[PDB]
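Engineer: Fold the following, please.
(chains A and B, ligands or ions: 2)
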Protein chains: 2
Amino acid sequence: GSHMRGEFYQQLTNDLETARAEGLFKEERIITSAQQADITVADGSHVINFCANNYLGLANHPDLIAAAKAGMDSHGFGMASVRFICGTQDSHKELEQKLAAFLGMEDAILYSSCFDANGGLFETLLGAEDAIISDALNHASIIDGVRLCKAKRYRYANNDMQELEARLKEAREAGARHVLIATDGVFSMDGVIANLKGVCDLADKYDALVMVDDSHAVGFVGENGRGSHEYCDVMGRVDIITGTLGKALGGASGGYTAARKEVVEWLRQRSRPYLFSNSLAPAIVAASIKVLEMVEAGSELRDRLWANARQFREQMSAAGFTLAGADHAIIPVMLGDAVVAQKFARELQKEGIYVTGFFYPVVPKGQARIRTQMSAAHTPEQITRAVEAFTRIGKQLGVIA
Amino acid sequence: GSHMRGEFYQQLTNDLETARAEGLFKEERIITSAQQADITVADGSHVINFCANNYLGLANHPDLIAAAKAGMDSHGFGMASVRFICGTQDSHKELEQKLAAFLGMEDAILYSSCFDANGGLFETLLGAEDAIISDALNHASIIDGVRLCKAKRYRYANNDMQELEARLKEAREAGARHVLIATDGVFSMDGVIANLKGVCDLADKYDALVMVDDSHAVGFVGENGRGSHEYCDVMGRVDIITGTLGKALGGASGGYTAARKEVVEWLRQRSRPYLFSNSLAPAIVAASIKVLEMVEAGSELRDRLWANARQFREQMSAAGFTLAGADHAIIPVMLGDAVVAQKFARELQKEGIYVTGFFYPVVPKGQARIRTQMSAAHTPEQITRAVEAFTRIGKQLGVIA
Ligand SMILES: CC(=O)[C@H](NCc1c(COP(=O)(O)O)cnc(C)c1O)C(=O)O
Ligand SMILES: CC(=O)[C@H](NCc1c(COP(=O)(O)O)cnc(C)c1O)C(=O)O
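Structural biologist: Residues are numbered from 1 along each chain as shown, chains lettered A, B, ... in the order given. Ligands and ions are numbered 1, 2, ... in the order given. Below is the structure in question.
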């Protein structure tokens, strides 16, 4: 019979139509240009993109494209193999060495994404006798990595050092052997930088390891763009740092875990995504080696980005919008209702501003928002223009007075 | 205090030392050339690679490199965004449409790897009231995808249709709502092709969905290279098919899930790796569109691959070796002892043959082997050389008489 399978398919169709009615259906907008500030969409119109992880504006940089091409010319198109078989080229090692040095760590191991780095981290290093204490606002990739781990789990309210301490005492009282605190370096839907000084101080007091996902920090957060550990001045106090090559560092693909030598080598020996998934492509490896140099010499880019973030926040703050977070390129405009968020975004596009509405499940129901993201590429003029558009539409939709 | 953190690092060091003592430490060998049959290693010497997923020899093909370059010239280096925000270009949709048509499915959704396509599949479609029945030999990526799902789990011995039916009865009698059978199309460490005819017939009898991971079949298995569903004559009967772009289809990176339109759209709306991980890079998207045309152009590469597989299996079997599986490019030479596998691999490189030893945890302890993989790029002479080297070393080591 096909009664149950028929139901499976019918409920999917029903649930999709229901999502649409509730303003929860994500529609993909086709972009026909390369990733940059000024993009072109399907109908050929030009709009300013204010929602990319292209923080330093390098996603379409000539130098990275050139490096990628040179990489394919000398090292090929694909490895067609996981690292331990025949997927390790000299350039993979050069990149890992360069990454470890950049982050101030002993070694680094490559993955095809930070989602995988996180997924293949916890289960490999901790077990049933251990405990993991996570910030409740942690990224989905951290949560899923922790779900695959046998360690006892505990959670503390976002940036709440009082609860973190309570959970640490709880874990230790329960007899946990090794304890690890896991937190985003920057909470991506809120534009909030973690309180790593507070976290590390507690880690010392309770003998716990510290893991930080710096996907939305590496390359532009910190005076040398090293990440949240530099920004919070706890360099050397974070045991494990994971990151991505798909954000500020090029935006193509790839991720990694940087830590002490023992951790990294054990990950190479037992991390499932590393053992059972393709090695990073030569084009990405080559371009990533080049991007780290561009980042190290990107002080002017960071200055621009930082100036852009303060301009947009200051101006939107003056306009009366409710904005989450502080001191980061991610500036979420809080709207609550998903239908209003989608409408606001569509109206903004008519005004030449490209942003996306965020709603369940990427963010909680009732807490919909438009997460804007500044880039070093944006000009003061574009930002003023975006602000004037947000203000006009915000007033028309009853979002602001 | 720091007793526990100190112990954490010491134990990792102890674990590493214990691993190499038992012949379970994987050393990576640096390759300085592009991926191909005749590769170059660190010291500049040339060796023939018989352990790559480069089934059609396209990993360093000039047409793919050219397509990748053109893709970057028009679409940039990276998307620096997940698909629903600003990571969808016209080319992403084009590739998904081409993949769907190629596989004989309604639609397809791209991921950065098949590891993640599997990881983000099950949890999104099934829940606590459902059941997943898995072939015991399933790949780690399927297993980890199932581990994130709340559905009740059942396992059946590899290719055991009797036990598969037993579990289907068990699940249904237990009151399961939706039941899904999950299986590799080709089991990668053994070179065994799944019995999809038997699986699908049973799926109909018990009203169950069927999922197949065709990573080691898409592009070269089947008269038209469509995969195990074509080979087993069950095209259209497999509800969900996942695959990779990192094997026969180029070998760079990327994965996908193909299924009915409503399944695919629901995945776009709720699959975690899709919502919270970078969109596929333009270079890979472009090259992938080209590779599908290359696979379709004719049967020449597939013919050579199968002739090569036939030759190696016949010659190695006549030479006295114990081999696993049948009828596939993957031809495992069973050695049992990890120390012997490691030694055999090293001795083979001295003879100009590059293969790798496989042991715990990639395969059970006591079941070490050297998994060879034929490629359309291999020549009859290279294979004969390989067989002669294997024979010579095998006799020297006492693996064969
Ligand atoms: C290369 C191997 O040794 C082989 N590959 C992994 C694999 C995947 C993952 O593909 P991605 O690189 O993540 O796109 C998916 N399914 C299967 C069945 C396999 O084998 C392996 O694991 O042996
Ligand atoms: C692009 C977003 O909207 C943002 N990015 C994801 C993310 C990752 C995954 O990086 P990969 O693309 O897998 O290399 C890892 N950590 C964090 C903290 C985030 O946010 C997002 O999720 O909102």
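Engineer: Going by C-alpha atoms from here, please, whenever you check contacts or count neighbours.
Structural biologist: Will do.
Engineer: Tell me how far residue A:120 lies from residue A:152.
Structural biologist: 17 Å (CA to CA, to the nearest Å).
Engineer: For residue A:81, give its distance to ligand 2.
Structural biologist: To ligand 2, residue A:81 is 20 Å away according to CA to the nearest ligand atom, to the nearest Å.
Engineer: Backbone dihedrals for that residue, please?
Structural biologist: phi -170, psi 150 (degrees, to the nearest 10).
Engineer: and the nearest residue to it once chain neighbours are set aside, what does it touch?
Structural biologist: Among residues not flanking residue A:81 along the chain, residue A:87 sits closest, at 4.7 Å (CA to CA, 6 or more residues apart in numbering or on different chains). Applying CA atoms under 8 Å, 6 or more residues apart in numbering or on different chains to residue A:87 gives the contacts A:79-81, A:278-279, B:31.
Engineer: ok, 6 Å please
Structural biologist: Residues near residue A:87 by CA atoms under 6 Å, 6 or more residues apart in numbering or on different chains: A:79, A:81, A:279.
Engineer: Keep only those of these that are also close to ligand 1.
Structural biologist: Near ligand 1, judged by CA under 6 Å from any ligand atom, the entries from the contacts of residue A:87 are residue A:81.
Engineer: Look at residue A:20 and give its secondary structure.
Structural biologist: helix (DSSP: H, G, I helix; E, B strand; the rest coil).
Engineer: neighbours of it, just the number please.
Structural biologist: 14 (other CA atoms under 10 Å in any protein chain shown).
Engineer: Determine the number of other residues adjacent to the one residue in the stretch 51-200 of chain A that gets nearest to ligand 1.
Structural biologist: Relative to ligand 1, the nearest point of the stretch 51-200 of chain A is residue A:81 (4.7 Å; CA to the nearest ligand atom). Close neighbours of residue A:81, defined as other CA under 10 Å, add up to 27.
Engineer: try residue A:174
Structural biologist: 11.
Engineer: for residue A:234, same thing?
Structural biologist: Other residues near residue A:234 come to 16 when the count uses other CA under 10 Å.
Engineer: is it true that it lies in a strand?
Structural biologist: No: under the criterion used here (three-state DSSP), residue A:234 is coil, not part of a strand.
Engineer: pretty sure residue A:134 contacts residue A:155?
Structural biologist: Yes: in this structure, residue A:134 is within contact of residue A:155 by CA atoms under 6 Å, at 4.8 Å.
Engineer: Which one's more surrounded, these two?
Structural biologist: With neighbours defined as other CA under 10 Å, residue A:134 and residue A:155 compare such that residue A:134 has more, 24 against 19.
Engineer: so which helix or strand takes in that one?
Structural biologist: Applying DSSP states H and E as the criterion places residue A:134 in strand A:131-135.
Engineer: can you list contacts of that strand?
Structural biologist: Counting by CA under 6 Å, 6+ apart, A:151-156, A:158, A:176, A:179-183 sit against strand A:131-135.
Engineer: Same question for stretch A:276-284.
Structural biologist: A:68, A:71-72, A:75, A:78, A:81-83, A:87, A:112, B:252.
Engineer: are any of the contacts of strand A:131-135 buried, and which?
Structural biologist: A:151-156, A:158, A:176, A:179-183 (16 or more other CA atoms under 10 Å in any protein chain shown).
Engineer: And residue A:312, how far from residue A:223?
Structural biologist: 21 Å.
Engineer: Give me the more crowded residue out of these two.
Structural biologist: A count of neighbours by other CA under 10 Å puts residue A:312 above the other of residue A:312 and residue A:223, at 21 against 13.
Engineer: As a check, name the ranges of all helices in the stretch 201-350 of chain A.
Structural biologist: Taking DSSP state H, counting those that start in this stretch, the helices of the stretch 201-350 of chain A run over residues A:228-231, A:261-270, A:272-276, A:282-296, A:299-318, A:338-350.
Engineer: which one of those helices lies closest to ligand 1?
Structural biologist: helix A:272-276 (4.4 Å).
Engineer: Is any residue of the closest one near ligand 2?
Structural biologist: No: using CA under 6 Å from any ligand atom, helix A:272-276 stays clear of ligand 2, coming no nearer than 12.4 Å.
Engineer: So that helix, near ligand 1 or not?
Structural biologist: Yes: interface with ligand 1: helix A:272-276 contributes residue A:276 (CA under 6 Å from any ligand atom).
Engineer: and that helix, C-alpha only, in CSV?
Structural biologist: C-alpha atoms of helix A:272-276 as CSV (Å, rounded to 0.1, in the frame of the first residue of the first chain):
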residue,chain,number,x,y,z
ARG,A,272,34.3,11.8,11.3
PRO,A,273,33.8,14.7,8.8
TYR,A,274,37.6,14.7,8.2
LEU,A,275,37.7,11.0,7.8
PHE,A,276,34.6,10.6,5.7
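Engineer: quick revisit: which of the contacts of residue A:87 lies closest to residue A:357?
Structural biologist: Minimum distance to residue A:357 across the contacts of residue A:87 is 34.0 Å, recorded for residue A:279 (CA to CA).
Engineer: count of neighbours near that closest one?
Structural biologist: Neighbour tally, residue A:279, other CA under 10 Å: 31.
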